[PDB]
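Residue-level listing of the chains:
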Amino acid sequence: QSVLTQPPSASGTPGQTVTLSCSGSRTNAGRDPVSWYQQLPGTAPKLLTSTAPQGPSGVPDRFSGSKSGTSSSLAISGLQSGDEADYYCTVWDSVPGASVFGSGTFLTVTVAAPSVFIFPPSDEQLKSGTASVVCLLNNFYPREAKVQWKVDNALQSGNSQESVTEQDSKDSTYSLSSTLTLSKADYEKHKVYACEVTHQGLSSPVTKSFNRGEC
Amino acid sequence: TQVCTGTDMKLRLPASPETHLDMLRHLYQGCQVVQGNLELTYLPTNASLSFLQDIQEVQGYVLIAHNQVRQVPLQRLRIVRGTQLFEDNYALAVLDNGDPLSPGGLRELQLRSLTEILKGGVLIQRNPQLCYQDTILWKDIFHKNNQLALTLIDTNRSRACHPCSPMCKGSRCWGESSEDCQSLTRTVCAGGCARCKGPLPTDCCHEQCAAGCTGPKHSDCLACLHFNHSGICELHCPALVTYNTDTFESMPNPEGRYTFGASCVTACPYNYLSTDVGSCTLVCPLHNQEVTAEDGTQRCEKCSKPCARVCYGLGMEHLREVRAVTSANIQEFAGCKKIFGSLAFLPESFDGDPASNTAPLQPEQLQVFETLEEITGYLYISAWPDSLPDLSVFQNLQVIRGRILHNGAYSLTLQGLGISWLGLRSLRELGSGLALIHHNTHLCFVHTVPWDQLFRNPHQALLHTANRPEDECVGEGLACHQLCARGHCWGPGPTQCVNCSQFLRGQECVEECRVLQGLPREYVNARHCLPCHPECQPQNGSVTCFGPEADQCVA
Amino acid sequence: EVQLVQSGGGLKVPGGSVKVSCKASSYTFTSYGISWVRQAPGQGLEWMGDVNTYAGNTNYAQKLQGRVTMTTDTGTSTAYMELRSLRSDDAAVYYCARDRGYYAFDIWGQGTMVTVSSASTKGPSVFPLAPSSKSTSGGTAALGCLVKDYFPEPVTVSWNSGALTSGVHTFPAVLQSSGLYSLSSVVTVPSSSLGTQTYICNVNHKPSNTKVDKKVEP
């Protein structure tokens, strides 16, 4: 009746043989409820395989899914250049039946280490009640990154909102925009504002920070 | 051929349009009486409707909608008995034959012969080119004891109508012409007079007569109120047996007849069940079996024993309101040698109702129907599982009688499949109805089938389109096998022959029968090959057996 | 080509309703079901309910019962998402789909635009993000203009009256919990023009007709 996708992100270079997963939470049918989808950025999802190992018409043969016990497995022969998408599965058994938290792949055209910067909130927004410290990541790959805050060495939670650009038209790398939102009554309290950036392209979690007041 | 049969497709758009017109032209081309709903919908304008031109009676309703022809030649249309009615009101309804946003659209009813509307009302709305439809004294049409005298009529058009005919008495007319003039027969009549041919009394029609006359007799009638007894519009066809009034032994009455719908016949026609009680049907009356009679007839006789169990299809009994076969009813059909009703396989047959934990139908399940021989209803397929390359779970299906027909008209339908050949080998009779086979991309061995011998009546015809091009079909090489007689097969190889060239050995065609050389000597019987008795010594070349049983051989 | 087309793509105030349309074409409408499914931003799928075309029957999921009515329209061929008592949570994309086969959903209307937030019209204030010693990775420096708290969408950003398009990254609007959106729009330059070249951002919120220019400098 339910499922879980690991990973929410796997990456891939051409010619390669790929795998995506899904864990059925009960001895589903039976066999043949499950089906996988392809999601292009900002357009309608479309079915790819169903009855697990059966393509429809208009979905290519380098696609072919499968199952084993209570787990399904999509398969791609040699990956290609259009396959930039998030992939969802479904155990269409009984009702109500569930979707999955989404395995989304991307096209690794030479991993790019992110350009990590830091920005204290401007001196006018500060006297305008609110505050915003943006931590820009520039030109990286894949879209999979780890962005966290350490306001004076204490991890934050809930007081921030991420954002990520549409894949670049010419180089195939992104750009990320973390924005911690706080108040004027709280920013005057702390001093340090760190943004540790762990990424599958940096050898170790690269970290930046600024000093409140020290320009 | 006088009598045709209605459709029953309402306003629902025709599955295969490129066929649809050619469906109509077949149903009624030749037709006079029409036992049931004359439905003429969706027709575009380049559409020669010259087959209706013969239709008198129509027992059903008369539905005309979403067309586009500026004119439908239903000009001889005497009477429409509103037996069943459109929306259970209207024994005629002309709806949206105007254009989907000089122009097209139905323009004149021209019904210049429609005297009587035996039951039900009239409903003529939204036909923005239609004129003189109010301009009819609708009250003369409706029967006297028509207690369904209700009418709704749209007059709005984008077109300005012309005056009637000068040669028209009142402003009353069906069409602008002078023969198109409403000719009245109830109000302008003399006294009690239901129907008459003029103000005079002597102009009165018979009582049994019913839509005017050309005389005072029942044998002078323009229609019948009960039964056309061989020219003499009657109340009751003479029943099959007469009573002495005193004692009451009733030896049969030679000049008795059979009520066929509106008729009075001696012998109920092809697919129809003659009865004990004197009717013709397509369902025997209760506590009857459907026998196969000392002639060739189907017939409906009694049940001494509580009658033996019997199989039912969709549109029959507990299955009546069921529409498709699913996993949750498919098993009922196991063991069934003859299904009363019909089977249909829609694409929801093959992905079940998860809303109701109804499993999808698995292609091994169908292997029930190989026990089935005769469907008394229709057969309709629109999904068949991707695998099974052929409709052969019906390999033993012998006859389809189509006393139900899909969407009114079609005894065997097949669309949007993906089979690669048919495979009904045993299918000999297509009792009634049309076969529709369209949009099966991989379907070959259709052409290869000799439909003209399955069929039973002239109005019948197989219509097909969007299939797999039968020239590209010898393109991959597919064609009947050498042992298939007269070039005719249902699919590759000598299982799917239609008649074996020489003999049959089971389900496979062969050149000859082992009377002389094969591993066991056989004996021929109805051009079937069958074995002799195993203890009848192998002869070094000559004849060995001489029959199936234990004796007739050698030693 | 078989199709589903969807409308109603609008905005809504919490505690109102909308009834999304779904005109299905090029297939016998009645002999497949029709289903709806929703998709908030950044997250994924979530199933609404069923709707046997042929006979109405339904299966609106738990998270939405009594708040949802789904309706066929055989005569004209359309399915309708009658959704009620909505709120911020219920802002998503509402696709419609059949289920030919063989079991999932195959054909997909584009989905529709449904967002909920109780705000009239409101422009943003544009506060810049200045470069210094902390934004120089190598010889490249980054400078921007933080555009925050506006309503409604959309907003169009140009750098230095247009001349500077390379390096420009304008992230999509992140809707604050406060009921308004917020964005960021930087530009990566060689760190040799900081002072030589003049750096300003020209924003455009048409619904409010505000036109802000914000010089960026260390």
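Residues numbered from 1 in each chain as written, not as in the entry; some residues may be left out. Chains lettered and ligands numbered in written order. Heavy atoms only, no water. Residues with missing side-chain atoms left out of burial classes, pairs and counts.

- Structure determination for this PDB entry is given in the record as X-ray crystallography, at a resolution of 3.50 Å.

1. Concerning the sheet that holds strand β11 (residues 299-301) of chain B
Residue and element names in this part refer to chain B.
Part 1 of the argument: The mixed open sheet is built from four strands, whose spatial order is β9-β8-β11-β10. Sheet topology places β9 (280-281) and β10 (289-291) at the edges, where each strand pairs with a single neighbour.
Part 2 of the argument: By the bridge criterion, two bridges tie strand β8 (residues 273-275) to β11 in an arrangement that is parallel. When the bridges of β11 are listed, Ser274 appears paired with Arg299. (Pairing = 2+ DSSP bridges. Helix = DSSP H or I, 4+ residues; strand = E, 2+ residues; numbered from the N terminus.)

2. What about the environment of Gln80 of chain A?
Residue and element names in this part refer to chain A.
Part 1 of the argument: Examined against the element boundaries, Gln80 turns out to sit in the loop between β6 (71-76) and β7 (85-87).
Part 2 of the argument: Among the residues examined, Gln80 registers a relative accessible area of 45% and is labelled partly exposed.
Part 3 of the argument: In this structure, the C-alpha to C-alpha distance between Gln80 and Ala185, residues 105 residues apart in sequence, is 52 Å.
Part 4 of the argument: Aside from chain neighbours lying at most four places away, what touches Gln80 is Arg62 and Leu107.
Part 5 of the argument: A distance of 3.2 Å separates a polar side-chain atom of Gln80 from the backbone oxygen of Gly78. (Buried < 20%, exposed > 50% of the residue type's maximum accessible area, 1.4 Å probe, protein only. Contact = heavy atoms within 4.5 Å. Polar contact = N/O pair within 3.5 Å; in protein donor to acceptor, adjacent residues only side chain to side chain.)

3. A word on the domain arrangement of chain B
Many authors give the size of an interface as the accessible area that is lost as the parts come together.
Residue and element names in this part refer to chain B.
Part 1 of the argument: Split into domains, chain B comes out as domain 1 (1-194), domain 2 (195-306), domain 3 (307-501) and domain 4 (502-555).
Part 2 of the argument: Each of domain 3 and domain 4 has a C-alpha centre, and the two are 35 Å apart.
Part 3 of the argument: The interface of domain 3 with domain 4 comprises seven residues on the first partner and nine residues on the second.
Part 4 of the argument: Summing both partners gives a buried area of about 650 Å² for domain 3 against domain 4, and 61% of it is carried by carbon and sulfur.
Part 5 of the argument: The interface formed by domain 3 and domain 4 contains zero salt bridges.
Part 6 of the argument: For the side of domain 3 that touches domain 4, the per-class residue count stands at four nonpolar, two polar and one charged. (Domains from an automatic or database assignment. Buried area = accessible area lost by both parts, 1.4 Å probe. Salt bridge = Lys/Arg side-chain N within 4 Å of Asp/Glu carboxyl O. Nonpolar A, V, L, I, M, F, W, Y, C, P; charged D, E, K, R; others polar.)

4. Some words on the sheet that holds strand β4 (residues 62-65) of chain B
Hydrogen bonds between backbone groups are what pair the strands of a sheet, and the pairing can be parallel or antiparallel.
Residue and element names in this part refer to chain B.
Part 1 of the argument: Sheet architecture is open: five strands sit in the order β3-β4-β5-β6-β7, paired in parallel fashion. The two strands at the open ends of the sheet, each matched to only one other strand, are β3 (38-41) and β7 (151-153). For this sheet the average axis-to-axis angle between neighbouring strands, irrespective of direction, equals 10°.
Part 2 of the argument: Bridge analysis of strand β5 (residues 90-94) against strand β6 (residues 121-124) gives three bridges, and the strand direction is parallel. Paired with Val94 across the bridge in β6 is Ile124. (Axes fitted to C-alpha atoms, helices over the stretch in contact; angles between N-to-C directions.)

5. Notes on the UniProt feature "disulfide bond" in chain B
All names here are of chain B.
Part 1 of the argument: Judged by the under 2.5 Å criterion, the sulfur atoms of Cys189 and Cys196, which UniProt pairs in a disulfide, are close enough at 2.0 Å to be bonded in these coordinates.
Part 2 of the argument: UniProt pairs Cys311 with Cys336 in a disulfide, and the structure agrees, placing their sulfur atoms 2.0 Å apart, under the 2.5 Å limit. With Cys311 in strand β12 (residues 311-312) and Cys336 in the loop between β12 and β13 (338-340), this pair connects stretches of sequence that are 25 residues apart. In this pair, the class of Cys311 matches that of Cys336, namely buried. (Disulfide = S-S within 2.5 Å. UniProt positions renumbered as here; feature names shortened; annotations may be inferred.)

6. Here we look at the domain arrangement of chain C
Residues and elements named next belong to chain C.
Part 1 of the argument: For chain C, the domain assignment lists domain 1 (1-118) and domain 2 (119-218).
Part 2 of the argument: Taking only C-alpha atoms into account, the centre of domain 1 sits 37 Å from that of domain 2.
Part 3 of the argument: Carbon and sulfur atoms supply 51% of the area that domain 1 and domain 2 bury against each other, a total of about 350 Å² over both sides.
Part 4 of the argument: Its largest share of buried area at the contact with domain 2, domain 1 owes to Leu11, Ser117 and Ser118, together 80% of the area lost on that side.
Part 5 of the argument: On the surface where domain 1 and domain 2 come into contact, there are zero salt bridges.
Part 6 of the argument: Our enumeration of links across domain 1 and domain 2 arrives at two residue pairs in polar contact.
Part 7 of the argument: Among the residues forming the side of domain 1 that touches domain 2, the class breakdown is one nonpolar, three polar and no charged.

7. Quick word on the nonpolar core
In a soluble, globular protein the nonpolar side chains are often hidden away together inside.
Part 1 of the argument: If you look at the biggest cluster of nonpolar residues, it comprises 56 residues, and the most contacted ones within it are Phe105 and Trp108 of chain C.
Part 2 of the argument: Sorting elements by how many residues they give to this core places strand β11 (residues 130-138) of chain A first, with four residues.
Part 3 of the argument: By size, the runner-up hydrophobic cluster in this structure holds 50 residues, among which are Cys336, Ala344, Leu366 and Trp384 of chain B. (Core = buried A, V, L, I, M, F, W, Y, C linked by side-chain atoms within 4.5 Å.)

8. Focus: the side chain of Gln415 of chain B
Residues and elements named next belong to chain B.
Part 1 of the argument: As for its placement among the helices and strands, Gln415 is situated in strand β18 (residues 410-415).
Part 2 of the argument: Judged by relative accessible area, which is 12%, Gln415 ranks as buried.
Part 3 of the argument: Here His438 takes part through its side chain, which lies 3.0 Å from a polar atom of the side chain of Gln415.
Part 4 of the argument: Discounting residues that sit within four places of it in the chain, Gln415 has contacts with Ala15, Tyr380, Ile381, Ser382, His438 and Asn440.

9. So, the interface of chain A and chain C
Part 1 of the argument: Between chain A and chain C, the residue contacts involve 48 residues of the former and 40 residues of the latter.
Part 2 of the argument: Of the roughly 3600 Å² buried at the junction of chain A and chain C (both faces included), carbon and sulfur atoms supply 64%.
Part 3 of the argument: It is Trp92, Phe117 and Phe119 of chain A in chain A that bury the most area against chain C; as a group they hold 17% of the surface buried on that side.
Part 4 of the argument: At the junction of chain A and chain C, the tally comes to zero salt bridges.
Part 5 of the argument: The interface formed by chain A and chain C contains twelve residue pairs in polar contact.
Part 6 of the argument: Secondary-structure elements contributing two or more residues to the side of chain A that touches chain C are β3 (35-38), β4 (46-50), β11, β16 (175-183) and β18 (206-211) of chain A.
Part 7 of the argument: Residue composition of the side of chain A that touches chain C, grouped by class: 20 nonpolar, 24 polar and four charged.

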